[PDB]
Amino acid sequence: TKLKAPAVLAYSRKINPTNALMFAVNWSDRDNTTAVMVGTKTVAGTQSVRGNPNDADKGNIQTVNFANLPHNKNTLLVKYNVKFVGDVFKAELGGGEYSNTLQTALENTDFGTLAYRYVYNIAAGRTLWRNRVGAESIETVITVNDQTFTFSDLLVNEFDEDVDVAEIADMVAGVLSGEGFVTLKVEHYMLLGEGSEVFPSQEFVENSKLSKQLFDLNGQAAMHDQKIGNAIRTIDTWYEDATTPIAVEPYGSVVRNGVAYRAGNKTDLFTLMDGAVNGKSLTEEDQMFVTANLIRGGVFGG
Amino acid sequence: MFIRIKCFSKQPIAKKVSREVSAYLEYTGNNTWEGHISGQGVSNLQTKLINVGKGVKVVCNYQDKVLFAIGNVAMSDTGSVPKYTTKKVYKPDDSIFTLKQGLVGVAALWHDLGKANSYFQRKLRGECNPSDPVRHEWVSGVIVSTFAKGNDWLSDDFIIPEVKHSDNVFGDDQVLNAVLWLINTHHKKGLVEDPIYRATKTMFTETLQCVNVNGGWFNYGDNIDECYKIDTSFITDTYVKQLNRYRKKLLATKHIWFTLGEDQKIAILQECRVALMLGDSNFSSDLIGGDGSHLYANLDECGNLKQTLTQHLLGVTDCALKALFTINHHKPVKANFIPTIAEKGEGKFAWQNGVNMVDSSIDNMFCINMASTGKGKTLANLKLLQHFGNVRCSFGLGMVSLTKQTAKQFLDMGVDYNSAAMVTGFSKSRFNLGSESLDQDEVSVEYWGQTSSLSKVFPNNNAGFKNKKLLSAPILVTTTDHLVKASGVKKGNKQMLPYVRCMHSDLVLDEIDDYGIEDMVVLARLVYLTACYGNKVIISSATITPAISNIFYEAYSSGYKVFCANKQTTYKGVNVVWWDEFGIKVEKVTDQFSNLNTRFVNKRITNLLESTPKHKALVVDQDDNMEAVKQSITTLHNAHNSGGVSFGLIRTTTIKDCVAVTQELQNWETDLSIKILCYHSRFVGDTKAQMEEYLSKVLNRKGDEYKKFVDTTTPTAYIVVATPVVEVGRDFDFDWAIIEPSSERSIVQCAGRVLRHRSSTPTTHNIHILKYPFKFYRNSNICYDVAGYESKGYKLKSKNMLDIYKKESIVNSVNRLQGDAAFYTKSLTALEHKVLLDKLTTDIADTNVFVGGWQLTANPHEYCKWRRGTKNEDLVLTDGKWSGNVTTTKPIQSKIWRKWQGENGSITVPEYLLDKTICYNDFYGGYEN
Amino acid sequence: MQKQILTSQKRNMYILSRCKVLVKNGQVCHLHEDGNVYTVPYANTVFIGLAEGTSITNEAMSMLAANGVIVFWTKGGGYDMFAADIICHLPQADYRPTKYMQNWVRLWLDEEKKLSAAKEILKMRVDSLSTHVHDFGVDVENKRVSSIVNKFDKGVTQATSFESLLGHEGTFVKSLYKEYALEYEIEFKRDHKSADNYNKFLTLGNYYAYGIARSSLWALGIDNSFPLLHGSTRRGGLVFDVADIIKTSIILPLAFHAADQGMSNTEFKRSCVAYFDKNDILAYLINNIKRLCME
Amino acid sequence: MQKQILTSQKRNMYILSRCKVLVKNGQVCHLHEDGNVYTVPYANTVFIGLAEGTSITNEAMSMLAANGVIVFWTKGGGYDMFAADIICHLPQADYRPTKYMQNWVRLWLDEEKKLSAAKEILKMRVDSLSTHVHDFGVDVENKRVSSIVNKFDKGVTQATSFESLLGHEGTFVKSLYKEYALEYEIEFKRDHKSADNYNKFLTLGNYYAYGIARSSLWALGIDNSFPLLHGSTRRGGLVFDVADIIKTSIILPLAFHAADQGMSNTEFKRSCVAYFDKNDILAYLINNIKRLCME
Amino acid sequence: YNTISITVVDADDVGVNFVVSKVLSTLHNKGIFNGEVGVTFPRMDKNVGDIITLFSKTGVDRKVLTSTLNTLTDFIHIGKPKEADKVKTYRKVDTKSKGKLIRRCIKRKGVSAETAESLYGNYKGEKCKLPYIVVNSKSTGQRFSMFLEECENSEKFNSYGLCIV
DNA sequence: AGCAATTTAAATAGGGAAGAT
DNA sequence: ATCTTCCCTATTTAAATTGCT
Ligand SMILES: [Mn+2]
Ligand SMILES: [Mn+2]
């Protein structure tokens, strides 16, 4: 007993998405993909900072980025490849006095549901935060091992039953429970309207710097890989007072709301893995949450 | 349990208490109930009989003793239920009550004459500095002294004369000097910086003539001429007749004032000052509204002009007169007759039947309870208090947790919260986890109780929760600092609440040896003040030194002389009750206390010595104490272990010493399985509390429940390196201890932490005393001053413990009980006794215990500071993030057995160690790195 | 009500007769036709039985049930021969502790565990005899009582069914009834309908032990529909199974002494309060039924 | 006054208020407030209730219990009962627990029927939501509420353990709380300690739900110590489990309407008992417990 | 005047106010606010709130506006039409910053650029701290911030739900 | 000093009416 | 009906004073 957790214990990320490159298409002209360019407009304004009152007279020529659709294409296309990898129970930096006990404590994990919610967050449009808002038509095409799947009307908040997501979830759960990998090429086509302004992900700027950096690969608007990884693991409906699916965190913590849902109420990942290697009976939902964290990965040492 | 409740009440307060008392007992008719109920039923009946309102007139009888008496019902002195009680019972030569009335009335009509200067008027209106150059009490004293020098101050018309700046206002007339000291010290006492005056002044006026304006009143002094130009708008109808009637009252009674003794005058003027602040704060708290303008005294919360000075003086007078009347004519509310006390003690509590050798009708009692630990000392103290009748006492104890332990004993034996009041004035966040419903512990702060009649004379109806628990408690289980302020304070009215508390209640001070020397001086001052009003002092200390027991008896004897000559009764002596676990002895002692006390001490020593030796201590020869600790740990594990598992206590002196011993033992390569704990006091709220509860549940050896809190399967050395926080108030039982020597009472107390719960005698040696303290390598001139009575005035000639202690010795209380003044420079015990008789002496000095003449001054509260510590700033941990220069560090992780983490709380760092980083750590708290 | 006297620590018990029970000024009080209003300590009452000619309002039941007082009526099936339905209202507004129901029904459903529990409660009869001795009647240590207790234990040890149990009851009770009667020099036939004091005091003590047993049951949450003894003449449920632990130890010696020492109904009632609170019989039955369920 | 409550199929839970129940000319009657006597037919009633202002007498109690009319004492309204005895198979002929009670016990014991009955109690809670459609409340057929209903249905059907059912039950209950908060324009978070109108109105409505569920559990003889969802140490957990069926369907919309219009507590009590009388909510709970226990 | 509620729900992944602003934009672009439907917000303390409240005098039904906000249905909630005798009506307040009025001084007074800087150099630069929304304007191709504050009720409203004059 | 007569007054008990559930 | 609150209602206790022995 009293199997104390290793200080070096970490797990690798098992859902690896690429950067979500963003293109402009039409709804019936889906093959002509023109890359959405981040424009950048200059704004003239004096600097106002707390530490330098002497520098407020002149300076701060700032040039803020923006990204709209072109005025001939009404559909935004978002392309990214989500790579699910198996052996989520292998610790990369941990070892096997604790990670092997985790293997033999989370073998009864229903990966079917875990994978369903992953592919449902892929398909329903959780990966399209501010640009699925106000779109009159949502479409998702998933290409997986030469199989094409079409999704039109999936409400993203609840994980309802559709056999299309389920079909992919099968091979995704077979990867995640076993050994190997699977790759889902996900292209989202959302009809926002003619010249509607799109929403790339944001680089962190300083309190000063410029107003807003949109995410650029080679000049073209895109969204962060870790931001999509936040979308995919947004499956946590099993904490106490669970209203909406949150991103599976080791503490159940969302930064933008200023509260942590699983911290400080004995449902955090660390107490559940210590309970697993000390062998108390877990329910299915918290064990699924622990396996979702191990799929997410991260260093758990102290 | 069969009780009978009778009602004396008028009103429908004979009706709405009848619903509750008829909910729990059967009605026998004629407003009398009688029946069987449980003790918790008695508690529920008390709680819903007192809370129902004011005017409840309820007497309860369990068998034939009175259970409780709601209100000031006279009820039973001999028989119960009187007939009509009307008026005019005794009407004596009260004399000293008329003296206190005259002094308080004359001073209270003159206490705020000095607010009439123009500086106080613009201070209240707010166009100058709110701090006066000279305080208004001194200006009123200057007014009264100038009027006394000019006209005959006792029988004349008043008229305020032209006053100037006077450095001293105290003359020779003893009664005038009393009125002047009451006027000047109605806010704060004068403080005398003068060393020759502090050296020599003893008498009442002869010390009072040294109280000048420079002792706190003369703040800065640039607007003195405006501070002494005064208007005379007080000459009205009711003020002049009130002044005339009180002055003539004093005139008629001051003939008995010169027949008093010094001790009387000091205690009577202390009572007068307490009643004067009671009346002044009572009238300053409430808002009267009406005013006659042109002159003002106080300000409201909005800063508007209120309480004009004529009616302010009249209100302070009547409130102080009423304060005096209720504090001098109170039959105070006492506790319930606890039925789980009065039966026989069985087995190891069988000495508690010594109360059947004490007289139940003695007006005074000085108990010296020299019984050893584990015998139920506090239960015996409650038994001794209940032997004289119903209980009214203040259990003043050191530490919060010891008050919690005595409260839990009081709760589970027989005492509910209608009689008990646990007071810890810090609101600590140490909560009980695991199960709130299945706790059956964690004594809390509610006090259903009963509000006393003294709350109406305090400011703004006493206070909220805390002072209601203070004043109105029958039994007040409190930390001691809520009682030592009775002897007096620097600034404010914080003296009155413990003063009026200790006036009508007994005082029970347990383990007074753990206090400091100045702490024990002010505790014996409190004992003298408690004995000044006929209450009984129970001292409960096993390792008492004759010096301490003597000076506490002399304080009680001076107090009982005050009480005897105050009620015009001839002083027969003090009923001293020597008590231990082997017997009791009650003697009427007016003189020769020393031979009787030493004979009882020798009898207790002979009753301790034929018992088997439980603590055999060997002083090691190894000079270096680090490897002495190593070798002693190895030897006492190889000799004293319970099947391979042994518990050791490394008692060291200070915190960096503790972390040095810990960091050496963690890096110490040995075949022994050392598991190290740090147990000093510098720890965060959470971490510290966690250590406490764990240690209390693993070192409990009365049963084998600990086998499940530690790994006793594998042979392991469970070592706790601790500072003097382990030798005070800890119910710990170690297999053996290694002691760094600081004082001999530390040796006796850490012997009391070894085999505390077991009865098996050691074979070879269970204590290994280190050769030197660790301060020898840092300061060879003085090394025992930290947590010891060595000092700069009392230096040991040699620091070798072969020279100053026995090499093989059975450590018990005998060396502390005996008392030796000779050869104090080369033995630790005689060094201890020397200091104890040279600081707690039968003199008045200035920081002494018989203090007379200086009670009038602020000197015993400035130069004798209770809990005199270092500056002490508090670095606070807020959610894992430290406040000041802390820098969390990482411990050695070699042998730590248990380490609890902390996130909130605070650490107490001396200002000396604030310069550098205290470097807080999860394992050991504060150090120098 | 603060903590409220534990129901084992309530000492007052009443069976009111020919009165109107009501609430005056918040007082549970019974008023007779002579204009006399006697209060009841409702926060200390164990039970209030109601005899013939009695009546009680709603509010009196409301503040008796809030204070945990069991109220029964001595008529209906209260002729005590069939002992079918003594009308006994319990305070179930208070949500009782549950674990004694769980261990009780685990042993109830299991018939072998029910048989063993019945044997334990039958041994509680002789345990009660030994624990609660009386100094005005039969000595428990004489040869007849020791012989019949030994015969009862050796019969209940080798017992196989509840029909065999029903018979052992016949023996113990009937012969203890008789043994007292021969020592009290009275030809006695137990009859609930008989007029002699030896039977009216016995029926009054039957109602008193009914109230004690039902209060001990309800305290733990145990009902009455789960009895341990099943038989043709054992209609009445678990309250009589708990109550006949203390007939021959308490109720029967007090009733026989009362009749022989010419006590009145009121003083027999009081002698019953004195024995039920001096030896603390309610806490005895409550702790012993905790021993019965346990696991 | 005189109040009729249908409970199972044909027997009626009579509620009597401000009346004195006694025996006139050999049969049970009651004098009412208006000074007019009303008799009671023995054939059509089994449960008779005594609300506020009501007194019963001893021979009326005995004759009511001898006719199979088993009496209970309740707070005025008929759904806040504090005193009764336990239903048997017959009141006079024998003393056996009811078939419903025994069935419940057996179902609770074997782990599979306990899990199936926990799933079923939540199935009928979703049924209750649709069945009892309010006017002021949210639409049960609305897309968000139906999505919450189907989420709860999927979660209950796919669960194999009780703590999953507790998480799903809490999600459904507080999701309906969130939906009704979205209706009534407020930040509502369920806490018992808050003094706002919505939380304290929901609290006393929940206490009314506990009372009517306690009456429904008593009326089939179901004891208060066999909870389905809540733990074995929860005192009276079966009352909470049965009241859960109508807490989010009836108590929640009535309480949110009551806090929206802001009327006082007694008229919320009369609205709750009016909804209980009009749609036969107690009869719904009685049939619910029969279908649960019969299986 | 009878009124209807549009409460933004489940907008945590996207700010609540972005959904509020998109609700305003979709209510603008598909008609709704012809001249008589107005908006109000029950929870302006420092944020614009999460409830849009439409108090049209003729009466707004659920069906027309739920067909209008078919794009926001994933994270919207619509209450049934209730009544209110008094609604707390807001209006549009706009900000000017330097060059704005400079171009006005180009086109109204006809003065040169340097003297237009000269008359306005030490002036202007007001800073509105009122709660606001962020609006896509479609006729003028740039996105801006629109500030709302409490004013007396007006009979006529704009195409956005705010008071006129 | 106890008491008696005798006043004076504060309070206790009860009945009726009205308002709650 | 039951019970509570309050207003009469005067009936009912306790104190107060003071010659008288
Ligand atoms: Mn003053
Ligand atoms: Mn003053």
# chains A, B, ... in the order shown; residues from 1 in each chain; ligands from 1
>>> residues_near_ligand(ligand="ligand 1", cutoff="8 Å", atoms="only C-alpha atoms (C1' of nucleotides) and all ligand atoms", output="list in words")
residues 111, 112, 115, 136, 137, 186, 187, 280 and 297 of chain B
>>> residues_near_ligand(ligand="ligand 2", cutoff="12 Å", atoms="only C-alpha atoms (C1' of nucleotides) and all ligand atoms", output="PyMOL selection string")
chain B and resi 107-115+136-137+140+183-187+276-285+296-299+307-320
>>> closest_atom_pairs(of="chain A", to="chain D", cutoff="12 Å", atoms="only C-alpha atoms", output="JSON lines")
{"residue": "A:110", "atom": "CA", "partner": "D:158", "partner_atom": "CA", "distance": 11.6}
{"residue": "A:113", "atom": "CA", "partner": "D:158", "partner_atom": "CA", "distance": 10.5}
{"residue": "A:155", "atom": "CA", "partner": "D:147", "partner_atom": "CA", "distance": 10.0}
{"residue": "A:156", "atom": "CA", "partner": "D:147", "partner_atom": "CA", "distance": 11.9}
{"residue": "A:157", "atom": "CA", "partner": "D:147", "partner_atom": "CA", "distance": 9.9}
{"residue": "A:158", "atom": "CA", "partner": "D:151", "partner_atom": "CA", "distance": 7.3}
{"residue": "A:159", "atom": "CA", "partner": "D:151", "partner_atom": "CA", "distance": 8.3}
{"residue": "A:160", "atom": "CA", "partner": "D:151", "partner_atom": "CA", "distance": 7.8}
{"residue": "A:161", "atom": "CA", "partner": "D:154", "partner_atom": "CA", "distance": 9.5}
{"residue": "A:237", "atom": "CA", "partner": "D:171", "partner_atom": "CA", "distance": 8.9}
{"residue": "A:238", "atom": "CA", "partner": "D:167", "partner_atom": "CA", "distance": 7.0}
{"residue": "A:239", "atom": "CA", "partner": "D:167", "partner_atom": "CA", "distance": 7.9}
{"residue": "A:240", "atom": "CA", "partner": "D:167", "partner_atom": "CA", "distance": 6.6}
{"residue": "A:241", "atom": "CA", "partner": "D:171", "partner_atom": "CA", "distance": 6.3}
{"residue": "A:242", "atom": "CA", "partner": "D:171", "partner_atom": "CA", "distance": 5.9}
{"residue": "A:243", "atom": "CA", "partner": "D:171", "partner_atom": "CA", "distance": 6.5}
{"residue": "A:244", "atom": "CA", "partner": "D:171", "partner_atom": "CA", "distance": 9.6}
{"residue": "A:245", "atom": "CA", "partner": "D:171", "partner_atom": "CA", "distance": 11.6}
{"residue": "A:281", "atom": "CA", "partner": "D:163", "partner_atom": "CA", "distance": 11.3}
{"residue": "A:282", "atom": "CA", "partner": "D:163", "partner_atom": "CA", "distance": 9.7}
{"residue": "A:283", "atom": "CA", "partner": "D:163", "partner_atom": "CA", "distance": 7.0}
{"residue": "A:284", "atom": "CA", "partner": "D:164", "partner_atom": "CA", "distance": 7.4}
{"residue": "A:285", "atom": "CA", "partner": "D:164", "partner_atom": "CA", "distance": 6.9}
{"residue": "A:286", "atom": "CA", "partner": "D:164", "partner_atom": "CA", "distance": 9.3}
{"residue": "A:287", "atom": "CA", "partner": "D:164", "partner_atom": "CA", "distance": 11.4}
{"residue": "A:288", "atom": "CA", "partner": "D:164", "partner_atom": "CA", "distance": 11.8}
>>> interface_residues(of="chain D", to="chain G", cutoff="10 Å", atoms="only C-alpha atoms (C1' of nucleotides)", output="list in words")
residues 17, 18, 19, 20, 31, 32, 33, 34, 35, 52, 53, 54 and 55 of chain D
>>> residues_around(residues="residue 214 in chain C", least_positions_apart="6", cutoff="9 Å", atoms="only C-alpha atoms (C1' of nucleotides)", output="ChimeraX atom specification")
/C:47,70,88,90,222-224,238-240,242-243
>>> write_last_selection(atoms="N, CA, C and O atoms", output="mmCIF file, in the first residue's frame")
data_model
loop_
_atom_site.group_PDB
_atom_site.id
_atom_site.type_symbol
_atom_site.label_atom_id
_atom_site.label_comp_id
_atom_site.auth_asym_id
_atom_site.auth_seq_id
_atom_site.Cartn_x
_atom_site.Cartn_y
_atom_site.Cartn_z
ATOM 1 N N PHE C 47 -44.053 7.708 26.377
ATOM 2 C CA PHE C 47 -45.292 7.429 25.671
ATOM 3 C C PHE C 47 -46.472 8.002 26.440
ATOM 4 O O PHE C 47 -46.413 8.205 27.656
ATOM 5 N N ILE C 70 -44.714 8.503 21.594
ATOM 6 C CA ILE C 70 -45.556 7.509 20.942
ATOM 7 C C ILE C 70 -46.913 7.500 21.630
ATOM 8 O O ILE C 70 -46.992 7.426 22.860
ATOM 9 N N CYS C 88 -51.622 2.389 17.637
ATOM 10 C CA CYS C 88 -50.390 2.960 18.165
ATOM 11 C C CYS C 88 -49.728 3.842 17.117
ATOM 12 O O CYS C 88 -49.007 3.348 16.246
ATOM 13 N N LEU C 90 -47.017 6.514 15.866
ATOM 14 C CA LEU C 90 -45.603 6.771 16.031
ATOM 15 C C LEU C 90 -45.250 8.093 15.363
ATOM 16 O O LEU C 90 -45.977 8.549 14.482
ATOM 17 N N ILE C 222 -36.836 0.579 13.901
ATOM 18 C CA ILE C 222 -37.498 -0.707 13.738
ATOM 19 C C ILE C 222 -39.004 -0.563 13.866
ATOM 20 O O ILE C 222 -39.501 0.090 14.779
ATOM 21 N N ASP C 223 -39.698 -1.233 12.950
ATOM 22 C CA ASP C 223 -41.142 -1.193 12.954
ATOM 23 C C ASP C 223 -41.701 -2.308 13.766
ATOM 24 O O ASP C 223 -41.100 -2.754 14.732
ATOM 25 N N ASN C 224 -42.846 -2.803 13.353
ATOM 26 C CA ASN C 224 -43.498 -3.800 14.143
ATOM 27 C C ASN C 224 -43.875 -4.887 13.228
ATOM 28 O O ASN C 224 -44.192 -5.995 13.650
ATOM 29 N N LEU C 238 -43.892 -7.180 16.524
ATOM 30 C CA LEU C 238 -42.595 -7.112 17.179
ATOM 31 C C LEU C 238 -42.654 -6.408 18.528
ATOM 32 O O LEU C 238 -41.782 -6.647 19.374
ATOM 33 N N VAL C 239 -43.663 -5.559 18.753
ATOM 34 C CA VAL C 239 -43.741 -4.810 20.004
ATOM 35 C C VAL C 239 -43.994 -5.751 21.178
ATOM 36 O O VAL C 239 -43.401 -5.594 22.247
ATOM 37 N N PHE C 240 -44.796 -6.795 20.976
ATOM 38 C CA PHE C 240 -44.970 -7.785 22.024
ATOM 39 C C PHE C 240 -43.759 -8.691 22.162
ATOM 40 O O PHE C 240 -43.479 -9.152 23.268
ATOM 41 N N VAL C 242 -40.628 -7.647 21.855
ATOM 42 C CA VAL C 242 -39.732 -6.872 22.709
ATOM 43 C C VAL C 242 -40.305 -6.745 24.118
ATOM 44 O O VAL C 242 -39.568 -6.788 25.110
ATOM 45 N N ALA C 243 -41.632 -6.612 24.234
ATOM 46 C CA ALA C 243 -42.256 -6.368 25.529
ATOM 47 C C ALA C 243 -42.198 -7.584 26.441
ATOM 48 O O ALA C 243 -42.007 -7.430 27.652
#
>>> interface_residues(of="chain F", to="chain B", cutoff="10 Å", atoms="only C-alpha atoms (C1' of nucleotides)", output="list in words")
residues 10, 11 and 12 of chain F
>>> interface_residues(of="chain C", to="chain D", cutoff="7 Å", atoms="only C-alpha atoms", output="list in words")
residues 52, 53, 54, 55, 56, 57, 58, 65, 73, 75, 76, 84, 85, 88, 89, 90, 91, 92, 93, 95, 96, 97, 98, 99, 101, 225, 235, 236 and 237 of chain C
>>> closest_residue(among="B:689, B:877, B:678, B:837", to="residue 897 in chain B", atoms="only C-alpha atoms")
B:678
>>> atom_distance(atom1="CA of residue 653 in chain B", atom2="CA of residue 883 in chain B")
27.3 Å
>>> closest_atom_pairs(of="chain C", to="chain B", cutoff="12 Å", atoms="only C-alpha atoms", output="Markdown table")
| residue | atom | partner | partner_atom | distance |
| --- | --- | --- | --- | --- |
| C:1 | CA | B:44 | CA | 7.2 |
| C:2 | CA | B:44 | CA | 6.4 |
| C:3 | CA | B:44 | CA | 7.2 |
| C:4 | CA | B:44 | CA | 7.0 |
| C:5 | CA | B:41 | CA | 5.4 |
| C:6 | CA | B:40 | CA | 8.3 |
| C:7 | CA | B:38 | CA | 10.4 |
| C:8 | CA | B:38 | CA | 9.7 |
| C:9 | CA | B:38 | CA | 5.9 |
| C:10 | CA | B:37 | CA | 6.7 |
| C:11 | CA | B:37 | CA | 6.1 |
| C:12 | CA | B:36 | CA | 7.3 |
| C:13 | CA | B:26 | CA | 10.5 |
| C:14 | CA | B:26 | CA | 10.8 |
| C:23 | CA | B:19 | CA | 10.5 |
| C:24 | CA | B:19 | CA | 9.1 |
| C:25 | CA | B:19 | CA | 7.1 |
| C:26 | CA | B:19 | CA | 6.5 |
| C:27 | CA | B:19 | CA | 5.9 |
| C:28 | CA | B:23 | CA | 7.8 |
| C:29 | CA | B:22 | CA | 9.5 |
| C:36 | CA | B:29 | CA | 11.3 |
| C:37 | CA | B:27 | CA | 10.4 |
| C:38 | CA | B:27 | CA | 7.3 |
| C:39 | CA | B:27 | CA | 6.5 |
| C:40 | CA | B:26 | CA | 6.2 |
| C:41 | CA | B:23 | CA | 4.1 |
| C:42 | CA | B:23 | CA | 5.1 |
| C:43 | CA | B:23 | CA | 5.3 |
| C:44 | CA | B:24 | CA | 5.2 |
| C:45 | CA | B:24 | CA | 8.1 |
| C:46 | CA | B:24 | CA | 11.5 |
| C:63 | CA | B:23 | CA | 10.2 |
| C:64 | CA | B:23 | CA | 10.2 |
| C:67 | CA | B:23 | CA | 9.6 |
| C:270 | CA | B:35 | CA | 11.6 |
| C:273 | CA | B:36 | CA | 9.6 |
| C:274 | CA | B:36 | CA | 9.4 |
| C:276 | CA | B:36 | CA | 11.3 |
| C:277 | CA | B:36 | CA | 8.2 |
| C:278 | CA | B:1 | CA | 9.1 |
| C:279 | CA | B:1 | CA | 11.9 |
| C:280 | CA | B:38 | CA | 11.0 |
>>> select_by_dssp(residues="range 553-658 of chain B", states="strand (DSSP E or B)", output="tab-separated table (two decimals) with C-alpha atoms, in the first residue's frame")
chain	number	residue	atom	x	y	z
B	574	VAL	CA	-5.08	31.98	55.27
B	575	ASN	CA	-6.55	28.49	54.92
B	576	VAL	CA	-3.67	26.89	53.03
B	577	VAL	CA	-4.53	23.53	51.46
B	578	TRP	CA	-1.44	21.60	50.43
B	579	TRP	CA	-2.48	18.84	48.05
B	580	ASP	CA	-0.89	16.05	46.06
B	583	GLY	CA	-2.54	13.31	50.60
B	584	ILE	CA	-3.87	16.69	51.67
B	585	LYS	CA	-3.20	19.10	54.54
B	586	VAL	CA	-5.34	22.09	55.52
B	587	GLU	CA	-3.81	24.58	57.95
B	588	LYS	CA	-4.77	28.05	59.13
B	589	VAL	CA	-1.47	29.78	58.34
B	616	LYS	CA	16.97	7.33	34.91
B	617	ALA	CA	19.07	10.03	33.24
B	618	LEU	CA	22.71	9.69	32.22
B	619	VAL	CA	24.66	12.81	31.29
B	642	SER	CA	9.19	-2.36	21.96
B	645	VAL	CA	10.32	-0.12	17.41
B	646	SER	CA	11.35	2.77	19.65
B	647	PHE	CA	10.16	6.36	20.08
B	648	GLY	CA	12.75	9.04	20.78
B	649	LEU	CA	12.42	12.73	21.61
B	650	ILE	CA	15.39	15.00	20.89
B	651	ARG	CA	14.50	18.00	23.02
>>> residues_around(residues="range 76-91 of chain E", least_positions_apart="2", cutoff="9 Å", atoms="only C-alpha atoms (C1' of nucleotides)", output="PyMOL selection string")
(chain D and resi 138+144+179+182-184) or (chain E and resi 1-11+19+38-42+55+59-62+65-66+69+72-74+93+147-154+157+161-165)
>>> select_by_dssp(residues="range 237-320 of chain B", states="alpha helix (DSSP H)", output="ChimeraX atom specification")
/B:237-253,262-285,309-320
>>> atom_distance(atom1="CA of residue 891 in chain B", atom2="CA of residue 732 in chain B")
25.6 Å
>>> residues_around(residues="residue 726 in chain B", least_positions_apart="4", cutoff="10 Å", atoms="only C-alpha atoms (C1' of nucleotides)", output="number ranges by chain")
B: 649-652, 679-681, 720-722, 730-732, 746, 749-750, 753
